[PDB]
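K.L.:
For reference, the structure I am asking about is given below.
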Amino acid sequence: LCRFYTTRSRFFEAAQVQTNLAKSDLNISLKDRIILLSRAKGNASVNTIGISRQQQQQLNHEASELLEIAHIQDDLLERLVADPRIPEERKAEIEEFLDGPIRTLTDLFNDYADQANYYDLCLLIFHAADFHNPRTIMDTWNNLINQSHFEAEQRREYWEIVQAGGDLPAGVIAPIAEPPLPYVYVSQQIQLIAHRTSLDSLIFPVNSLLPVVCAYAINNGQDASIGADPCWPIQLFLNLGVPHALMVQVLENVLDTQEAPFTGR
Amino acid sequence: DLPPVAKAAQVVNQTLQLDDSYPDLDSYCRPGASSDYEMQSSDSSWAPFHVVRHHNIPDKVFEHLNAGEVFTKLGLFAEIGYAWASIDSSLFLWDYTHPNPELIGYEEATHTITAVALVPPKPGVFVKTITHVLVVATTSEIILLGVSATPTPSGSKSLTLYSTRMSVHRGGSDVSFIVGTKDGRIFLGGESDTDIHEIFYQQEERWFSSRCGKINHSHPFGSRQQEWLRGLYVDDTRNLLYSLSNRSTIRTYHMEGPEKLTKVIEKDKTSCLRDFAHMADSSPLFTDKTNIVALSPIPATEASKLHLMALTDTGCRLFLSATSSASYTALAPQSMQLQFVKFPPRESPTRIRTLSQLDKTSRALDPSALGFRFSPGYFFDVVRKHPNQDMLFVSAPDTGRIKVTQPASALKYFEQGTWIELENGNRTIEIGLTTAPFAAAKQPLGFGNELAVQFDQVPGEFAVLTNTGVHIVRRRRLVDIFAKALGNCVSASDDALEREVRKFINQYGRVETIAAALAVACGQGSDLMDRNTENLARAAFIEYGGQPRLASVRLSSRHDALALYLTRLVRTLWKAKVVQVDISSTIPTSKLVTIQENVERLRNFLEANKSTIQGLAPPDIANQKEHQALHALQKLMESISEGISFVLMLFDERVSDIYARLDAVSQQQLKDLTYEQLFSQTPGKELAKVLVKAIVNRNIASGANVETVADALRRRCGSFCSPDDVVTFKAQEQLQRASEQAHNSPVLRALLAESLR
Amino acid sequence: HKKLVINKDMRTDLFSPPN
Amino acid sequence: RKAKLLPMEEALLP
């Protein structure tokens with residue numbers, strides 16, 4: 001039906017059919033619901049004669065929001081199923097409730113993303129929900145940084161054992177190449193999220209996030225001692241596209257208040 | 001001699017006793033056997049259960065599950081709406097009612113997880129906000145975690161985890177089964193042997209004792225043959241613990257103390273088979289080749305003699321009694337005997353609708369892989385005839401037929417059954433109750449009366465966990481079936497309704513059927529076309545309600561239906577004390593509101609049909625007493641609503657303050673005041689008139705507003721308040737407020753002069 | 001659902017086998 | 001996300 005409509009330049013009618021189908025309780029897989037929404041989004045973004053711009057935009061917007069949530073749900077499901085630390089018994093249960101109609105952001109957060117400590121996805125969820133809560137957002141940033149640091153540390157350790165002759169714990173895939181220093185893997189995590197949310201989000205309050213990253217750098221010796229650029233935190237946020245004025249503005253505040261580790265010498 | 005409300009209260013008291021005389025399980029599962037079923041298609045309006053929704057497993061859990069190196073496992077926490085999945089040494093919980101849940105991950109464990117359970121906490125150990133304990137068993141240790149499952153605005157518990165430093169090394173025995181008692185005792189068993197262990201834990205650390213310990217209650221020694229456990233089962237009402245072995249041996253343990261566990265019965269399959277052979281009806285469905293796949297304890301509240309149900313792989317439900325050697329020293333039983341067998345139904349599931357001896361040979365439930373029983377007898381059986389698709393047989397007691405059966409010697413285990421199909425690939429793992437445990441009474445007689453509690457507790461719902469998701473199955477009440485059936489009669493003849501109604505009368509009797517019509521007419525079942533269904537229900541209540549007749553008179557079935565419905569709306573109130581002395585209310589305020597709304601909607605229904613319903617309008621001796629009886633019930637209804645409004649008014653104030661400034665006789669009268677007395681006995685009315693006369697006195701001391709509390713008492717609880725008392729209250733208002741303003745000179749001469757007026 | 005509801009009160013232990 | 005495990009101090013009284 002949709003194919004018929006489109007060839008007749010009736011894109012809006014196709015977007016309507018596809019969207020409703022994606023919201024329906026028919027037996028449709030999550031990935032198919034992602035395709036349906038993605039098509040509707042495209043079809044509603046172009047003019048269809050006889051239909052008001054307002055009506056087009058409202059549909060294009062509903063498809064865009066549902067598509068964002070759908071992608072989150074798909075990222076979850078995939079990660080959970082592949083997670084070595086999740087019991088098989090549970091995985092089958094997760095696949096049943098996530099590989100179907102699109103769920104609310106509350107559920108995705110509480111029942112899955114928060115339970116499995118997938119903090120990066122938690123952040124994407126706070127973005128999609130326009131979640132106004134600076135403290136929780138920062139708590140999640142702090143957990144993500146620390147989790148990533150510990151994982152990078154672990155991987156560098158395993159490597160050091162290979163290069164010394166030792167044996168890795170049973171069922172640990174060796175690293176045939178020097179993995180990245182912790183500050184490199186952490187900043188990788190920050191970039192992946194930034195590109196996904198576009199810095200204009202409330203999960204990038206530079207006034208809170210930049211001091212925390214700088215704090216991390218100091219309190220974990222991610223500096224010259226290990227061969228890192230001592231300004232790496234600043235480089236990171238500049239390339240990311242934070243305006244220069246705002247940077248200096250925050251750094252000033254850091255210097256005046258002399259908080260947490262930014263003290264003495 | 002006897003006024004209306006007192007006459008109607010007599011009908012209520014006798015109706016309460018009639019509902020509480022519903023046969024106990026022992027009475028219709030007497031020694032012998034049964035194959036009584038009425039099967040219903042799952043898509044039929046008469047289906048006893050039906051699927052209401054499904055919840056897929058989150059995709060992230062599928063990612064972890066398919067990332068499993070050695071071992072995975074799924075399970076249910078149906079009490080709080082959570083499921084869990086273990087992958088090797090990692091555990092993930094999530095709220096399955098949430099549309100996009102976040103995964104609560106716990107990966108501290110070092111070795112493979114083999115069992116997980118959610119149990120109550122030991123009292124006086126943890127902060128009150130800790131609602132549960134999470135037990136995590138690995139191949140190396142058992143770990144206790146504190147849990148707080150506080151409800152959220154959405155209706156799904158918020159789960160947060162607490163560390164405890166409580167753990168013990170496992171030992172050599174596998175742990176695959178964990179169960180908890182009401183008091184927080186934790187018992188363990190597994191697939192290494194038949195031993196039962198218990199985990200102890202305490203708040204204080206001692207130099208001679210750790211915070212957490214483990215002991216083997218079985219004390220094994222010497223020669224031991226291979227045998228291990230298939231499950232553990234608790235019955236708190238009897239302080240018993242049951243184990244089922246791989247050889248189908250049933251062991252019973254008694255908790256003679258807070259730290260003791262004593263084996264008191266051991267009954268192997270041979271003993272069960274010997275009992276079975278002594279029964280009148282032996283069957284090839286139960287032999288030495290047959291396996292017992294599941295047990296289900298039966299609590300003492302439900303039945304005195306029958307302690308346990310055992311399910312065979314052929315689908316036979318074995319009901320076992322247990323008895324103590326003596327009557328005094330909890331008392332531990334010492335014998336267990338197979339007494340009664342419910343054999344499988346014969347009808348198999350079909351895509352197309354297909355068209356009196358004991359049936360003891362049916363293979364319809366062969367093979368039964370998993371089985372569950374919930375009070376008052378809801379039975380779920382996972383039949384695995386094919387290795388890819390499970391079929392779910394679900395049955396309930398035929399409460400309507402059991403209640404009407406007469407005499408008692410004709411009682412049999414009648415059941416309503418249905419087949420629920422799960423899609424290809426769905427392997428059922430576990431089934432758990434999501435709502436509060438069912439109980440219509442506090443003792444076996446009356447316990448199983450589903451009809452009595454249709455409007456006091458939501459229908460039972462059950463979470464069916466599969467490898468693909470969680471399916472919600474809901475028990476359907478008579479009013480649900482009646483409303484659905486009538487919904488199909490909307491487009492049919494006058495005789496189409498009469499035909500459907502006659503089905504209900506032949507099963508439930510006329511009174512129960514007309515009571516269901518009255519309930520549907522009043523909007524019951526609508527929490528689930530609806531105007532036409534309610535109008536059809538009204539038409540059924542009028543047309544088929546019968547009439548009064550000389551035998552002393554026999555009132556119509558329409559009257560008994562109104563009395564039955566009204567009684568069941570207030571059964572939780574009638575005999576209960578109004579207050580609990582720091583005085584508080586016995587019944588939560590939210591419950592009093594819903595009861596009042598139900599009573600008022602019933603009253604509204606009678607008023608809107610005063611002209612069309614026989615007996616309401618005034619009318620020879622038969623119709624006379626019919627009019628008097630119906631009038632008395634309606635006077636009790638308004639009295640019930642006034643009484644409830646009075647109790648709500650009372651606790652909106654500061655009752656403890658009012659209770660303090662009160663005489664002893666009136667404190668004692670209020671101490672043992674029941675709702676029945678408040679509704680239907682002069683002393684409740686006289687005491688009510690005292691309390692109102694006292695609350696206003698106090699209200700004036702607070703002095704927020706007199707004329708608002710006035711109009712509050714004036715209208716709603718009129719006929720119990722007096723207009724000469726509010727004007728008096730208005731006078732005592734200015735008098736006390738003249739004593740409040742006493743220091744002022746010119747303000748009193750207006751207060752005292754108006755008080756005098 | 002694109003609306004979040006946190007509820008730590010009553011969850012299901014992610015790190016345990018099921019009852 | 002690894003679940004935050006609040007301390008024993010809050011958990012058990014007194």
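Chain labels follow the order of the structure tokens: the first chain is A, the next B, and so on; residue numbering restarts at 1 in every chain, and ligands are counted from 1 in their shown order.
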Do you know which residues are at most 8 Å from residue 5 (chain C) counting only C-alpha atoms, after dropping those on the same chain fewer than 6 positions away, and could you put them as a short mmCIF file (atom, residue, chain, number, x, y, z; two decimals) with N, CA and C atoms, in the first residue's frame?
P.N.:
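part_12.cif, written as the output of this step:
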data_model
loop_
_atom_site.label_atom_id
_atom_site.label_comp_id
_atom_site.auth_asym_id
_atom_site.auth_seq_id
_atom_site.Cartn_x
_atom_site.Cartn_y
_atom_site.Cartn_z
N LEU A 105 10.12 5.52 27.90
CA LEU A 105 11.48 5.81 28.33
C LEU A 105 11.68 5.48 29.81
N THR A 106 10.62 5.61 30.60
CA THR A 106 10.68 5.24 32.01
C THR A 106 11.09 3.77 32.15
N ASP A 107 10.34 2.89 31.49
CA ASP A 107 10.61 1.46 31.57
C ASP A 107 12.04 1.16 31.13
N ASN A 110 14.40 2.32 33.99
CA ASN A 110 14.29 1.58 35.24
C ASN A 110 14.53 0.08 35.11
N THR B 152 5.87 3.16 43.08
CA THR B 152 6.01 4.41 42.36
C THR B 152 4.67 4.92 41.87
N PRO B 153 4.61 6.19 41.45
CA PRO B 153 3.35 6.72 40.89
C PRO B 153 2.78 5.91 39.74
N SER B 154 3.63 5.23 38.97
CA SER B 154 3.17 4.48 37.81
C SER B 154 2.51 3.16 38.18
#
K.L.:
What residues in chain D have any atom no more than 10 Å from chain A when counting only C-alpha atoms, and can you write them as a PDB file with N, CA, C and O atoms, in the first residue's frame?
P.N.:
ATOM      1  N   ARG D   1      24.391  -0.359  33.431  1.00  0.00           N
ATOM      2  CA  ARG D   1      24.909   0.383  34.573  1.00  0.00           C
ATOM      3  C   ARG D   1      24.895  -0.476  35.837  1.00  0.00           C
ATOM      4  O   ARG D   1      23.843  -0.964  36.253  1.00  0.00           O
ATOM      5  N   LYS D   2      26.072  -0.661  36.437  1.00  0.00           N
ATOM      6  CA  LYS D   2      26.166  -1.389  37.696  1.00  0.00           C
ATOM      7  C   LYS D   2      25.333  -0.700  38.766  1.00  0.00           C
ATOM      8  O   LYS D   2      25.487   0.499  39.017  1.00  0.00           O
ATOM      9  N   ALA D   3      24.448  -1.467  39.401  1.00  0.00           N
ATOM     10  CA  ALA D   3      23.553  -0.910  40.406  1.00  0.00           C
ATOM     11  C   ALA D   3      24.337  -0.358  41.591  1.00  0.00           C
ATOM     12  O   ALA D   3      25.240  -1.014  42.119  1.00  0.00           O
ATOM     13  N   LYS D   4      23.987   0.860  42.001  1.00  0.00           N
ATOM     14  CA  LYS D   4      24.584   1.474  43.180  1.00  0.00           C
ATOM     15  C   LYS D   4      24.132   0.726  44.429  1.00  0.00           C
ATOM     16  O   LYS D   4      22.933   0.649  44.710  1.00  0.00           O
TER      17      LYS D   4
END
K.L.:
Tell me which protein, DNA and RNA residues are within 12 Å of residue 2 (chain C), counting only C-alpha atoms, leaving out same-chain ones fewer than 2 positions away, and put them as JSON, numbers by chain.
P.N.:
{"A": [62, 64, 65, 66, 67, 68, 69, 70, 72, 73, 102, 103, 104, 105, 106, 107, 108, 109, 124, 125, 126, 127, 128, 129, 130, 131], "B": [98, 99, 100, 101], "C": [4, 5]}
K.L.:
Using only C-alpha atoms, find each residue of chain C with at least one atom at most 12 Å away from an atom of chain D; report its shortest atom-to-atom pair and that distance in Å (one decimal), sort the rows by chain and rising residue number, and return the result as a tab-separated table.
P.N.:
residue	atom	partner	partner_atom	distance
C:8	CA	D:3	CA	10.8
C:13	CA	D:3	CA	10.7
C:14	CA	D:3	CA	9.6
C:15	CA	D:3	CA	10.4
K.L.:
Excluding same-chain residues fewer than 4 positions from residue 527 (chain B), what lies within 12 Å of it counting only C-alpha atoms, as JSON, numbers by chain?
P.N.:
{"B": [455, 458, 459, 479, 480, 483, 520, 522, 523]}
K.L.:
Would you mind exporting C-alpha atoms of the selected residues as an mmCIF file, in the first residue's frame?
P.N.:
data_model
loop_
_atom_site.group_PDB
_atom_site.id
_atom_site.type_symbol
_atom_site.label_atom_id
_atom_site.label_comp_id
_atom_site.auth_asym_id
_atom_site.auth_seq_id
_atom_site.Cartn_x
_atom_site.Cartn_y
_atom_site.Cartn_z
ATOM 1 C CA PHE B 455 -16.009 -6.563 44.545
ATOM 2 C CA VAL B 458 -9.201 -7.456 42.163
ATOM 3 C CA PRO B 459 -9.294 -10.686 40.119
ATOM 4 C CA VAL B 479 -19.723 -10.569 36.516
ATOM 5 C CA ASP B 480 -16.974 -10.524 33.878
ATOM 6 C CA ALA B 483 -21.122 -8.845 31.095
ATOM 7 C CA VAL B 520 -23.263 -5.272 35.803
ATOM 8 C CA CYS B 522 -24.415 -0.835 38.391
ATOM 9 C CA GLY B 523 -21.208 -0.682 36.321
#
K.L.:
Using only C-alpha atoms, find which residues of chain B lie within 12 Å of chain D and jot them down as a ChimeraX atom specification.
P.N.:
/B:60,90-94,102-108,121-133,144-148,159-166,201-205,211
K.L.:
Please save N, CA and C atoms of the selected residues as a compact mmCIF listing (two decimals), in the first residue's frame.
P.N.:
# COMPACT_ATOMS: atom_id res chain seq x y z
N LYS B 60 18.53 -5.77 25.48
CA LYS B 60 19.82 -5.84 26.14
C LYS B 60 20.01 -7.16 26.88
N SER B 90 27.02 -12.93 36.35
CA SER B 90 26.37 -11.63 36.32
C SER B 90 24.85 -11.79 36.42
N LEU B 91 24.21 -10.83 37.08
CA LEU B 91 22.77 -10.85 37.32
C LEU B 91 22.15 -9.54 36.89
N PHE B 92 20.97 -9.62 36.27
CA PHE B 92 20.27 -8.44 35.76
C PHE B 92 18.79 -8.54 36.10
N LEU B 93 18.28 -7.52 36.80
CA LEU B 93 16.87 -7.41 37.17
C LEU B 93 16.22 -6.30 36.36
N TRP B 94 14.90 -6.40 36.16
CA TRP B 94 14.18 -5.35 35.46
C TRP B 94 12.69 -5.47 35.73
N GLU B 102 14.95 -0.07 32.48
CA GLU B 102 16.39 -0.04 32.66
C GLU B 102 16.82 -1.28 33.44
N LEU B 103 17.98 -1.83 33.09
CA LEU B 103 18.47 -3.06 33.69
C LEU B 103 19.25 -2.74 34.96
N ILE B 104 18.82 -3.32 36.08
CA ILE B 104 19.55 -3.24 37.34
C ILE B 104 20.61 -4.34 37.31
N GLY B 105 21.86 -3.96 37.07
CA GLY B 105 22.94 -4.92 36.96
C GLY B 105 23.66 -5.13 38.29
N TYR B 106 24.02 -6.38 38.56
CA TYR B 106 24.81 -6.74 39.74
C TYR B 106 25.82 -7.79 39.31
N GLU B 107 27.11 -7.42 39.31
CA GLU B 107 28.16 -8.26 38.76
C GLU B 107 29.32 -8.45 39.74
N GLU B 108 29.08 -8.24 41.04
CA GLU B 108 30.13 -8.45 42.03
C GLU B 108 30.54 -9.91 42.12
N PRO B 121 12.57 -10.21 54.88
CA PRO B 121 13.71 -10.03 55.79
C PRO B 121 13.42 -10.58 57.18
N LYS B 122 14.50 -10.84 57.91
CA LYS B 122 14.37 -11.22 59.31
C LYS B 122 14.00 -9.98 60.12
N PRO B 123 12.91 -10.00 60.90
CA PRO B 123 12.51 -8.81 61.65
C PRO B 123 13.59 -8.34 62.61
N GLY B 124 13.57 -7.04 62.89
CA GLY B 124 14.51 -6.45 63.84
C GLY B 124 15.95 -6.52 63.41
N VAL B 125 16.22 -6.77 62.13
CA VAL B 125 17.57 -6.81 61.59
C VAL B 125 17.88 -5.57 60.76
N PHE B 126 17.01 -5.25 59.81
CA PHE B 126 17.24 -4.19 58.85
C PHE B 126 16.34 -3.00 59.13
N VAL B 127 16.71 -1.86 58.53
CA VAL B 127 15.86 -0.69 58.55
C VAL B 127 14.50 -1.04 57.97
N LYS B 128 13.45 -0.39 58.48
CA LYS B 128 12.09 -0.72 58.06
C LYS B 128 11.89 -0.56 56.56
N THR B 129 12.64 0.34 55.93
CA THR B 129 12.47 0.58 54.50
C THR B 129 12.95 -0.59 53.64
N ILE B 130 13.71 -1.52 54.21
CA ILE B 130 14.13 -2.71 53.49
C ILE B 130 12.95 -3.68 53.49
N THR B 131 12.41 -3.95 52.31
CA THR B 131 11.20 -4.75 52.16
C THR B 131 11.49 -6.22 51.89
N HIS B 132 12.64 -6.53 51.31
CA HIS B 132 12.97 -7.90 50.94
C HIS B 132 14.46 -8.14 51.11
N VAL B 133 14.85 -9.40 51.00
CA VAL B 133 16.25 -9.81 50.91
C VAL B 133 16.43 -10.57 49.61
N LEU B 144 23.76 -12.37 50.38
CA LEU B 144 22.53 -11.68 50.76
C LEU B 144 22.65 -10.20 50.43
N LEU B 145 21.62 -9.66 49.79
CA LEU B 145 21.55 -8.23 49.48
C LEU B 145 20.24 -7.68 50.01
N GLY B 146 20.32 -6.51 50.64
CA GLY B 146 19.11 -5.81 51.04
C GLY B 146 18.39 -5.23 49.84
N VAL B 147 17.06 -5.22 49.91
CA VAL B 147 16.22 -4.74 48.82
C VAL B 147 15.16 -3.81 49.39
N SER B 148 14.90 -2.72 48.67
CA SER B 148 13.80 -1.80 48.98
C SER B 148 12.96 -1.67 47.72
N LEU B 159 13.14 -0.37 42.70
CA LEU B 159 14.02 -1.35 43.33
C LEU B 159 15.42 -0.77 43.48
N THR B 160 15.91 -0.73 44.71
CA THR B 160 17.27 -0.30 45.02
C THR B 160 17.92 -1.35 45.92
N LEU B 161 19.21 -1.60 45.70
CA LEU B 161 19.93 -2.68 46.35
C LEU B 161 20.89 -2.13 47.40
N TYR B 162 21.06 -2.89 48.48
CA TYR B 162 21.94 -2.54 49.59
C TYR B 162 22.90 -3.68 49.87
N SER B 163 24.17 -3.35 50.07
CA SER B 163 25.14 -4.33 50.52
C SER B 163 24.91 -4.65 52.00
N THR B 164 25.43 -5.80 52.43
CA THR B 164 25.17 -6.31 53.78
C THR B 164 26.39 -6.88 54.47
N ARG B 165 27.48 -7.19 53.76
CA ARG B 165 28.62 -7.93 54.30
C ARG B 165 28.23 -9.33 54.76
N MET B 166 27.03 -9.80 54.42
CA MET B 166 26.53 -11.10 54.83
C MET B 166 26.73 -12.09 53.70
N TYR B 201 21.43 -15.20 59.81
CA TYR B 201 22.14 -13.93 59.81
C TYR B 201 21.58 -13.03 60.90
N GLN B 202 22.44 -12.15 61.41
CA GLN B 202 22.10 -11.26 62.51
C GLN B 202 22.82 -9.93 62.31
N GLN B 203 22.32 -8.91 63.01
CA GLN B 203 22.86 -7.57 62.84
C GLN B 203 24.23 -7.41 63.49
N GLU B 204 24.40 -7.96 64.69
CA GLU B 204 25.60 -7.70 65.48
C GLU B 204 26.72 -8.66 65.10
N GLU B 205 27.94 -8.12 65.04
CA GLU B 205 29.15 -8.91 64.89
C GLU B 205 29.68 -9.30 66.26
N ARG B 211 28.43 -12.67 61.37
CA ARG B 211 27.13 -12.09 61.07
C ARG B 211 26.25 -13.02 60.25
K.L.:
What residues in chain B have any atom no more than 8 Å from chain A when counting only C-alpha atoms, and can you write them as an MDAnalysis selection string?
P.N.:
chainID B and resid 54:69 71:75 83:107 113 158 465:470
K.L.:
Keeping only N, CA and C atoms, write the selected residues as a short mmCIF file (atom, residue, chain, number, x, y, z; two decimals), in the first residue's frame.
P.N.:
data_model
loop_
_atom_site.label_atom_id
_atom_site.label_comp_id
_atom_site.auth_asym_id
_atom_site.auth_seq_id
_atom_site.Cartn_x
_atom_site.Cartn_y
_atom_site.Cartn_z
N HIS B 54 1.17 -8.81 27.23
CA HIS B 54 2.46 -9.49 27.20
C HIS B 54 3.58 -8.46 27.24
N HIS B 55 4.72 -8.86 27.80
CA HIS B 55 5.88 -7.98 27.96
C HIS B 55 7.12 -8.71 27.44
N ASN B 56 7.68 -8.22 26.34
CA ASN B 56 8.87 -8.83 25.77
C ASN B 56 10.08 -8.66 26.68
N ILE B 57 11.00 -9.61 26.60
CA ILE B 57 12.28 -9.47 27.29
C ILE B 57 13.06 -8.33 26.65
N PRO B 58 13.68 -7.43 27.43
CA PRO B 58 14.45 -6.34 26.82
C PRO B 58 15.56 -6.86 25.92
N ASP B 59 15.83 -6.12 24.84
CA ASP B 59 16.84 -6.52 23.87
C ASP B 59 18.22 -6.64 24.51
N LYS B 60 18.53 -5.77 25.48
CA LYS B 60 19.82 -5.84 26.14
C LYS B 60 20.01 -7.16 26.88
N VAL B 61 18.93 -7.74 27.39
CA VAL B 61 19.03 -9.05 28.03
C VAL B 61 19.31 -10.13 26.99
N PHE B 62 18.73 -9.99 25.80
CA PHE B 62 19.04 -10.93 24.72
C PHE B 62 20.50 -10.83 24.32
N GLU B 63 21.06 -9.62 24.31
CA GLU B 63 22.47 -9.44 24.00
C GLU B 63 23.35 -10.17 25.02
N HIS B 64 23.03 -10.01 26.31
CA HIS B 64 23.79 -10.70 27.34
C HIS B 64 23.56 -12.21 27.28
N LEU B 65 22.31 -12.64 27.05
CA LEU B 65 22.00 -14.06 27.05
C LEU B 65 22.75 -14.79 25.94
N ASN B 66 22.71 -14.24 24.72
CA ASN B 66 23.46 -14.82 23.62
C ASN B 66 24.96 -14.61 23.76
N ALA B 67 25.39 -13.74 24.67
CA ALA B 67 26.79 -13.61 25.04
C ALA B 67 27.17 -14.54 26.19
N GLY B 68 26.36 -15.57 26.45
CA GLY B 68 26.63 -16.48 27.55
C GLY B 68 27.66 -17.52 27.15
N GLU B 69 28.67 -17.69 27.99
CA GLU B 69 29.76 -18.62 27.71
C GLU B 69 29.43 -20.04 28.16
N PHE B 71 26.57 -20.74 31.05
CA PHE B 71 25.32 -20.97 31.77
C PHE B 71 24.48 -19.69 31.83
N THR B 72 23.17 -19.85 31.64
CA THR B 72 22.21 -18.76 31.77
C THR B 72 20.95 -19.28 32.46
N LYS B 73 20.15 -18.36 32.99
CA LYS B 73 18.94 -18.73 33.71
C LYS B 73 18.02 -17.52 33.82
N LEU B 74 16.71 -17.78 33.76
CA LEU B 74 15.67 -16.76 33.92
C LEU B 74 14.78 -17.10 35.10
N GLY B 75 14.16 -16.07 35.68
CA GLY B 75 13.27 -16.27 36.81
C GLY B 75 12.36 -15.07 37.02
N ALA B 83 11.38 -9.31 36.84
CA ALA B 83 12.00 -10.53 36.34
C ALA B 83 13.51 -10.38 36.45
N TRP B 84 14.23 -11.49 36.31
CA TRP B 84 15.68 -11.46 36.38
C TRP B 84 16.28 -12.47 35.42
N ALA B 85 17.52 -12.20 35.04
CA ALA B 85 18.29 -13.08 34.17
C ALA B 85 19.72 -13.12 34.69
N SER B 86 20.26 -14.33 34.84
CA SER B 86 21.65 -14.51 35.22
C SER B 86 22.44 -15.02 34.02
N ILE B 87 23.62 -14.45 33.82
CA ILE B 87 24.54 -14.86 32.76
C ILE B 87 25.89 -15.10 33.42
N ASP B 88 26.28 -16.38 33.52
CA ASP B 88 27.51 -16.76 34.20
C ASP B 88 27.54 -16.17 35.61
N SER B 89 28.45 -15.24 35.87
CA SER B 89 28.59 -14.63 37.19
C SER B 89 27.90 -13.27 37.30
N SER B 90 27.02 -12.93 36.35
CA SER B 90 26.37 -11.63 36.32
C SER B 90 24.85 -11.79 36.42
N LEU B 91 24.21 -10.83 37.08
CA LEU B 91 22.77 -10.85 37.32
C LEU B 91 22.15 -9.54 36.89
N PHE B 92 20.97 -9.62 36.27
CA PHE B 92 20.27 -8.44 35.76
C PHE B 92 18.79 -8.54 36.10
N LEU B 93 18.28 -7.52 36.80
CA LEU B 93 16.87 -7.41 37.17
C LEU B 93 16.22 -6.30 36.36
N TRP B 94 14.90 -6.40 36.16
CA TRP B 94 14.18 -5.35 35.46
C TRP B 94 12.69 -5.47 35.73
N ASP B 95 12.02 -4.32 35.72
CA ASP B 95 10.58 -4.23 35.90
C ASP B 95 9.89 -4.53 34.57
N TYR B 96 9.22 -5.69 34.49
CA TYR B 96 8.63 -6.11 33.23
C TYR B 96 7.33 -5.39 32.90
N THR B 97 6.73 -4.69 33.87
CA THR B 97 5.55 -3.88 33.57
C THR B 97 5.90 -2.59 32.86
N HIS B 98 7.15 -2.13 32.99
CA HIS B 98 7.61 -0.90 32.37
C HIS B 98 7.83 -1.12 30.87
N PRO B 99 7.42 -0.17 30.02
CA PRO B 99 7.53 -0.40 28.57
C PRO B 99 8.96 -0.38 28.04
N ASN B 100 9.85 0.41 28.65
CA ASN B 100 11.26 0.46 28.28
C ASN B 100 12.09 0.42 29.56
N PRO B 101 12.21 -0.75 30.19
CA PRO B 101 12.88 -0.81 31.49
C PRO B 101 14.38 -0.59 31.39
N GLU B 102 14.95 -0.07 32.48
CA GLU B 102 16.39 -0.04 32.66
C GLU B 102 16.82 -1.28 33.44
N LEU B 103 17.98 -1.83 33.09
CA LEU B 103 18.47 -3.06 33.69
C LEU B 103 19.25 -2.74 34.96
N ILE B 104 18.82 -3.32 36.08
CA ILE B 104 19.55 -3.24 37.34
C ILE B 104 20.61 -4.34 37.31
N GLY B 105 21.86 -3.96 37.07
CA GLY B 105 22.94 -4.92 36.96
C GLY B 105 23.66 -5.13 38.29
N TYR B 106 24.02 -6.38 38.56
CA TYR B 106 24.81 -6.74 39.74
C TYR B 106 25.82 -7.79 39.31
N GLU B 107 27.11 -7.42 39.31
CA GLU B 107 28.16 -8.26 38.76
C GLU B 107 29.32 -8.45 39.74
N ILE B 113 26.37 -18.05 38.83
CA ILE B 113 25.15 -18.01 39.63
C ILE B 113 24.30 -19.23 39.30
N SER B 158 9.82 0.55 42.72
CA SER B 158 11.18 1.05 42.50
C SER B 158 12.14 0.21 43.34
N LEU B 465 6.17 -16.48 32.81
CA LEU B 465 7.48 -16.18 32.23
C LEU B 465 7.85 -17.24 31.21
N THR B 466 8.16 -16.81 30.00
CA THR B 466 8.71 -17.67 28.95
C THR B 466 10.10 -17.16 28.58
N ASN B 467 10.73 -17.87 27.64
CA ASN B 467 12.04 -17.47 27.14
C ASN B 467 11.97 -16.27 26.20
N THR B 468 10.77 -15.77 25.90
CA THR B 468 10.59 -14.61 25.03
C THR B 468 9.91 -13.43 25.72
N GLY B 469 9.23 -13.64 26.84
CA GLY B 469 8.56 -12.54 27.51
C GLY B 469 7.74 -13.02 28.68
N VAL B 470 6.96 -12.09 29.23
CA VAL B 470 6.08 -12.34 30.37
C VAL B 470 4.65 -12.09 29.90
#
K.L.:
Compile the contact shell of residue 38 (chain A) as a count of residues only: residues with an atom at most 10 Å away, counting only C-alpha atoms, same-chain residues fewer than 2 positions apart removed.
P.N.:
18
